[PDB]
Each structure stands twice: as structure tokens, then as C-alpha cells.
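Below you'll find only one chain, the form deposited without this ligand, shown as C-alpha cells.
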């Protein structure tokens, strides 16, 4: 877990338009996700992992132990049953709602968190660097 504890700013976005349209967004979130950079501050605060996802329109946060299932009202407009865990040096956020699933595979490539967001076959590759 210690290589993920940082301020993470999005530097190169593969597919940040069709992933939002496939997931089921309100159209103002599709306008916001094309224009705005998210600052993802992954932080162990006391004991549990608090991720703060902060941009200049949408600002949301998630507090978890590894394995915690929690309902999460997202920037899409959906409450998802969310399970977060490390698989093999890769942080996987599994969001479950209405029969549908997406998982965000966060992996450290030489100091850089590569977030691979799979909605099945709709895959976005978002390249986060430290500040």
C-alpha cells in the first residue's frame, strides 16, 4: 500500500468521453469529465485509507479498510456497493449497482499510478503522476 499514498494528478487520459456515456451519467458530468483534471489524494488518516477525488466542479471522498463494502453516491448520479482491495501491487475499486459493475485497476509503473477503468469491454487508461 505505501507506494500509493500521495497527491495524484491526471496527466494523460485514454478514453475520457465514451466511458462516461457507457456508465450512465447525467450530461453535465459528461461536459465536466472532458474539461476537468481530478486530483486523487490517497491518504491513510489515523488507521483507514481515505481517498479524496477533488476537481474544480466535482469533489468527493471515500473512507475504507481493505475489503470494506460501502454505498457511494458518485459524480455520475448513482449509489454503488463499492469493494476496494490490493490484488498484486494493484489497487482495485469494484463499484456494483443495478446488476452493472466497473473496476478501477490502479498500478504503480515507476512512481506513476496507471488507472485502468474497465466497464467490461469499455476500458479507459488514465495516467496519474505525484503532484
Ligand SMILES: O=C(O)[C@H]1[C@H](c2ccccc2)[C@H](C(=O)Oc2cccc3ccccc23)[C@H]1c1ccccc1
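Positions refer to the first chain, counted from 1.
The same protein also has a form deposited with this ligand bound, omitted here; what follows describes it.
Colleague: Should residue 44 be counted as a contact of this ligand in the entry with it bound, where contact means heavy atoms within 4.5 Å?
Modeller: Close contact is absent here: in the entry with it bound, residue 44 is far from this ligand, nothing within 4.5 Å, heavy atoms only.
Colleague: Taking 4.5 angstroms as the cut-off for heavy atoms, does residue 49 touch this ligand in the entry with it bound?
Modeller: Because no heavy atom of residue 49 falls inside 4.5 Å of this ligand in the entry with it bound, the answer is no.
Colleague: Would you classify residue 27 as touching this ligand in the entry with it bound, given a 4.5 Å non-hydrogen atom cut-off?
Modeller: Contact with this ligand, no.
Colleague: Is residue 55 close to this ligand in the entry with it bound, meaning a heavy atom pair under 4.5 Å apart or at it?
Modeller: Heavy-atom contact with this ligand at 4.5 Å: present for residue 55.
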